[PDB]
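Encoded as structure tokens, the following chain is the form deposited in one PDB entry, with no partner shown.
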């Protein structure tokens, strides 16, 4: 399932790069996404609303759409999101291990090229 704590391994190219993110399934199929982030150290939570289409969720009042895409590598997923002052979109590779082993990058690369993002720069976190 997609619930768990997910650590960012690679992203196409701040705020967007906060890691890890924890996803909890809510009654009805929606998900809560939560991270910890001028001031105090604080948890920040948001609901991803399930749609009628498998793997597709919406957020921020419908202005954000997130797709959860399977990886061939166990305990990894790819997240593809489209959002908005200008329109923005990007692909993230995530996994359950805190250590970044960069062993699922082929699928990240393929997901990006399938969506017209094959020339964007990639950001690789080393630490949370």
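Between two forms, the rigid core is the largest collection of C-alphas that superpose within 1.5 Å. Residue numbers count along the first chain shown, from 1.
Missing here is the form deposited in another entry; even so, the following discussion is about that form.
Would residue 58 count as moving between this form and the one not shown, using a Cα shift of 2 angstroms or more after superposing the core as the test?
Shift of 2 Å or more: no.
Superposing on the rigid core, is the Cα displacement of residue 75 between this form and the one not shown 2 Å or more?
Where the cores coincide, residue 75 shows only a C-alpha shift between this form and the one not shown that is less than 2 Å.
Out of closer and farther, which fits the Cα atoms of residue 43 and residue 92 in the other form compared with this form, where the change is 3 Å or more?
So the answer is closer.
Over in the other structure, so in the other form, do residue 92 and residue 19 pull closer or drift farther apart at the C-alpha level? The difference is 3 angstroms or more.
Relative to this form, farther apart in the other form.
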